[PDB]
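Since the structure comes first, as structure tokens, the remarks are kept for the end.
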């Protein structure tokens, strides 16, 4: 059952069609439950040093901010996580027999010296857990090729990738390209992975995000776009993850 | 109605979903009908010089080899072309109220000095029409971006791309990469297009194609694979094109 940090799994479900078991759902579940790295699904992490150092410190902040949401939780009252970008807003949908959780709020913080070390340190560790999961994914990708790879995309790893480039900016070209091109095939990415070795003025001159906001009585809906490495102002939508 | 040589068209069919009007179906129809470049759908072709010189000379060979297939054609007896690779085998499926046509046979020709100029010249012009259509496609791609581009792939331009790299070999890194990665997104390709500027020994040491052949009484089925720029021995399947 145990798999290395960041590693995916290609599932065959005969209708044998590929289904990516990205494992993001797990990462959030463990952090929200505040599990220590010593007793997880997650081996020789020489490629990922300070993984237990940064996993636990992030697990602290994620669980401590979840207990606030859990303070008003019921005994009689799901495990089908969803993720909003760029604030890394964990979306929980509870059943009787819905709340948000922005782990890395990039969009709103005009309080530089006001963000305390009890909040700031935990985020610095949440981006280091995210950065390491993506390094752990690209390592597993490059390491093992497969015939179904050509039928797979970076599409589910977007919120992780956006929050990585986002925090770094408001507080890497490979992370940026990957965040812009969610349509990236697994086989093409493996091929071009080592070839990706190199701040664009215009994109930084206008920032990474556009926030289109509309109203209509009950209506008050925002929509975040991402200024891409190509230029494309791509829409950022909520990504759902299952067991 | 008139469009530049190689240019595609993104169609919106509200269910508005993207549908690529690649225009390959046209190219073959014109060549089989042996139409001259002077009276076609196909502008200032400064980027494609010797286009009428090479279109007509190819149109000659394609029509002259079609008249052989048409010699045994009926008065009472479709326009839904299909393409087999790597021999550039045009597949026609006729109705009463099915034949092949290998325009560029790369797979079988142990007759070097035996291929006459009445055949050889026409093929050299058929690969020059194919090469120019793909140059004409990448020019149109780079020239005009679109929001649906991210939902489009090189997948239908494969037989053209395979025959280009195939003839060149049995008689370009950008054509090769494109032939290997049929899963190439339009937006990613545009982004990396000018970045593609540079013969791998191993791939040439084993050649570009593998030909798996099996038998079973009525059975006698071949299957061509393509040794990719990444290594991948990808299956080459028949591609169908409509009006």
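Residue numbers (the authors' numbering), protein chains in the order written: chain A, 5 to 19, 44 to 70, 73 to 107, 111 to 130, 155 to 228, 238 to 264, 269 to 313; chain A', 5 to 19, 44 to 70, 73 to 107, 111 to 130, 155 to 228, 238 to 264, 269 to 313. A prime marks a further copy of an entry chain.
For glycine and all other residues, C-beta sits at the position ideal for the given N, C-alpha and C.
Beta-bridge pairing of residue i - partner residues as DSSP gives them
i: residue 286 of chain A'; result: A'/289
i: residue 124 of chain A; result: A/115
i: residue 281 of chain A'; result: A'/294
i: residue 210 of chain A'; result: A'/251
i: residue 48 of chain A; result: A/14
i: residue 305 of chain A'; result: A'/295
i: residue 159 of chain A; result: A/122
i: residue 215 of chain A'; result: None; residue 215 of chain A' has no bridge partner.
i: residue 310 of chain A; result: A/115
Rounded Cβ spacing between residue i and residue j (contact assumed at less than 8 Å)
i: residue 53 of chain A; j: residue 65 of chain A; result: About 18 Å; that fails the 8 Å criterion.
i: residue 126 of chain A'; j: residue 113 of chain A'; result: 6 Å
i: residue 205 of chain A; j: residue 191 of chain A; result: Wrong, their Cβ atoms sit about 21 Å apart, outside the cutoff.
i: residue 219 of chain A'; j: residue 296 of chain A'; result: 7 Å
i: residue 299 of chain A'; j: residue 242 of chain A'; result: 5 Å
i: residue 91 of chain A'; j: residue 179 of chain A'; result: 3 Å
i: residue 158 of chain A'; j: residue 99 of chain A'; result: 6 Å
i: residue 209 of chain A'; j: residue 240 of chain A'; result: Wrong, their Cβ atoms sit about 18 Å apart, outside the cutoff.
i: residue 224 of chain A; j: residue 105 of chain A; result: 36 Å between Cβ atoms; not a contact.
i: residue 226 of chain A; j: residue 187 of chain A; result: With 8 Å as the limit, residue 226 of chain A and residue 187 of chain A do not qualify as a contact, their Cβ atoms being about 14 Å apart.
i: residue 280 of chain A'; j: residue 303 of chain A'; result: 6 Å
i: residue 202 of chain A'; j: residue 256 of chain A'; result: 6 Å
Spatial neighbours of residue i in its chain, beta-carbon cut-off 7 Å, leaving aside the 5 residues before and after
i: residue 253 of chain A'; result: 206 and 207
i: residue 308 of chain A; result: 115, 116, 117 and 124
i: residue 164 of chain A'; result: 119 and 120
i: residue 305 of chain A'; result: 293 and 295
i: residue 68 of chain A; result: 58
Proximal residues to residue i (C-beta, below 8 Å), its chain only, five neighbours per side dropped
i: residue 15 of chain A'; result: 46, 47, 48 and 49
i: residue 260 of chain A; result: 199
i: residue 63 of chain A'; result: 89
i: residue 9 of chain A'; result: 70, 73, 75, 78, 81, 189, 190 and 193
i: residue 101 of chain A; result: none
i: residue 128 of chain A; result: 107 and 111
i: residue 13 of chain A'; result: 7, 48, 49 and 51
Contacts around residue i, its chain only, beta-carbon distance under 6 Å, and the 5 residues preceding and following it disregarded
i: residue 11 of chain A; result: 197
i: residue 212 of chain A; result: 248
i: residue 291 of chain A; result: 284
i: residue 245 of chain A'; result: 218, 219 and 222
i: residue 282 of chain A; result: 293
i: residue 61 of chain A; result: none
i: residue 156 of chain A'; result: 99 and 125
Review point. Along the segment 289-311 of chain A, what residues have a CB closer than 7 Å to any CB found in chain A'?
Key: For the segment 289-311 of chain A, residues whose beta-carbon sits nearer than 7 Å to a beta-carbon of chain A' comprise 300 and 302.
Practice item. Pull out every residue of the segment 50-67 of chain A' whose Cβ sits closer than 7 Å to any Cβ of chain A, in chain order. Key: Within the segment 50-67 of chain A', not one residue has a Cβ closer than 7 Å to any Cβ of chain A.
Exercise for review: Below 9 Å between beta carbons is the criterion; list the residues of the segment 75-104 of chain A' that meet it against any residue of chain A, in chain order.
Suggested key: The segment 75-104 of chain A' vs chain A, Cβ under 9 Å: nothing.
Exercise for review: Could you list the residues in the segment 183-204 of chain A' with a C-beta less than 9 Å from some C-beta on chain A, going in chain order?
Suggested key: Closer than 9 Å at the C-beta level to chain A, one finds these residues of the segment 183-204 of chain A': 202 and 204.
Point to revise | Members of the segment 211-224 of chain A' near chain A, C-beta cut-off 7 Å | key: Within the segment 211-224 of chain A', no residue qualifies.
Check your understanding: Residues in the segment 252-264 of chain A with C-beta within 7 Å of chain A''s C-beta atoms, listed in sequence order?
Key -> Listed by position along the chain: 253, 254 and 257.
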